[PDB]
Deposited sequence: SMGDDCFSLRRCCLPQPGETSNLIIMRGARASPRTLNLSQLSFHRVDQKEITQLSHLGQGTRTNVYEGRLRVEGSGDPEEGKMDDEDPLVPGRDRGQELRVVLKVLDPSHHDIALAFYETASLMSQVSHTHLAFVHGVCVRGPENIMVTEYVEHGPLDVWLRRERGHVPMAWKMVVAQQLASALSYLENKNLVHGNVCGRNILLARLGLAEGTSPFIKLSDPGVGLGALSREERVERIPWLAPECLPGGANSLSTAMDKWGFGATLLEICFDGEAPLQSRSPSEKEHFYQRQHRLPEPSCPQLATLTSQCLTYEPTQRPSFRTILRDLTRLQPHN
């Protein structure tokens, strides 16, 4: 093993406006010259394992292609700062967009988005690679598709700092997207995240257990409580099965989403 990713020189990037924060990151709009519109993910000063995890994600995402996976252009080191350089996708995070468009996103639109997500994720399953952070915030909207005769187009972004390097406190915050087996490893975890993401999508960007304290989210998992029903219901319940070996394959998930729309 030896990572593979493009090294970007600090001269080749321009840092523009702050977009928000990811896990141990600050995220900015930028420009990449040899000019590409890009996103810059500046890793906070942090333990070395966080840094290694960041690089492991850049390497992973630098070696996969898909219609519905966002590009990773490289990594730029700017003195003590490590910066992942990624695709700017026009309309930003899906969760933010859904909350703003709450009430007038039709179920048929959500079905297309779901089918796109599933096919991205079936490709990673085929490659036996784990994403580890499927949630609406990591789904970026390239086309709105709300206009008559158009259809939406999403891209799944990089998972950022790997799950294994995060604190237990951080993993709790990711409930219900976090697979229960990860609270105390496989491609199975993304079936849970997918399920949790489908609920998030069905509820116009509100995910379940958002009004719950960390202790309550933990307790929900400990008592293996069942998450609400969106009929994507069968599918979502299948994905949101605590036992990883009972979650259906993306081949099945995708075949099912097709013969639904």
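Novice: According to the record, which stretches of the deposited sequence lack C-alpha coordinates?
Specialist: In sequence order, the gaps with no modelled C-alpha are 1-38, 73-97, 248-252, 299-301, 333-335.
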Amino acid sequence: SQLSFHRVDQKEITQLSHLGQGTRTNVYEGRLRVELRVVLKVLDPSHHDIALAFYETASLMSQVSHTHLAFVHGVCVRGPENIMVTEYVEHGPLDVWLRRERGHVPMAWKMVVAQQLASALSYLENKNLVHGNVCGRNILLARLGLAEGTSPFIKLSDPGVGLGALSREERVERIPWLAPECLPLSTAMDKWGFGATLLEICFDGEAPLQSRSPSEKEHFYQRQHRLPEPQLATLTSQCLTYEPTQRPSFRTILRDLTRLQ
From here on, numbers count along this sequence of modelled residues.
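Each form is matched to the other, and the largest set of C-alpha atoms that superpose within 1.5 Å is called the rigid core.
Novice: With the rigid core as the fit anchor, does 79-87 or 155-163 show bigger C-alpha shifts in 9 other deposited structures of this protein?
Specialist: It is 79-87 whose C-alphas lie farther from the shown form in 9 other deposited structures of this protein.
Novice: Can you check whether 99-107 or 70-78 lies farther from the displayed model in 9 other deposited structures of this protein, averaging C-alpha distances as RMS after superposing on the core?
Specialist: Once the core is superposed, the stretch further away in 9 other deposited structures of this protein is 70-78.
Novice: Among the other entries that model both neighbours of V34, does it go unmodelled in a third or more?
Specialist: Missing in at least a third of the others, so yes.
Novice: Do a third or more of the other compared PDB entries fail to give coordinates for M189?
Specialist: No; none of the other entries leave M189 out.
Novice: Per the PDB record, is the mean Cα temperature factor higher over 161-169 or over 115-123?
Specialist: 161-169 has the higher mean C-alpha B-factor.
Novice: Between 133-141 and 172-180, which has the larger average Cα B-factor in the PDB entry?
Specialist: The recorded data point to 172-180.
Novice: Just grab whichever of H68, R37, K41, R33 has the top CA B-factor as deposited.
Specialist: Of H68, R37, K41, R33, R33 has the highest C-alpha B-factor.
Novice: Which listed residue, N26, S59, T234, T197, has the largest C-alpha temperature factor in the record?
Specialist: Going by the entry's C-alpha B-factors, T234 comes out highest.
Novice: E87: which third of its chain by C-alpha temperature factor?
Specialist: Ranked within chain, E87 CA B lands in the lowest tercile.
Novice: Sorting by Cα B-factor within the chain, modelled residues only, which third would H73 end up in: lowest, middle or highest?
Specialist: Its C-alpha B-factor, which the entry lists for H73, ranks in the lowest third among residues of this chain.
Novice: Ranking the modelled residues of this chain by C-alpha B-factor as given in the entry, is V105 in the lowest, middle or highest third?
Specialist: It falls in the middle third of the chain.
Novice: Could you tell me which third, lowest, middle or highest, the C-alpha B-factor of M189 occupies within its chain?
Specialist: Middle third by C-alpha B-factor.
Novice: Against its chain's modelled residues, does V64's Cα B factor rank lowest, middle or highest third?
Specialist: Lowest third, going by the recorded CA B-factors of the chain.
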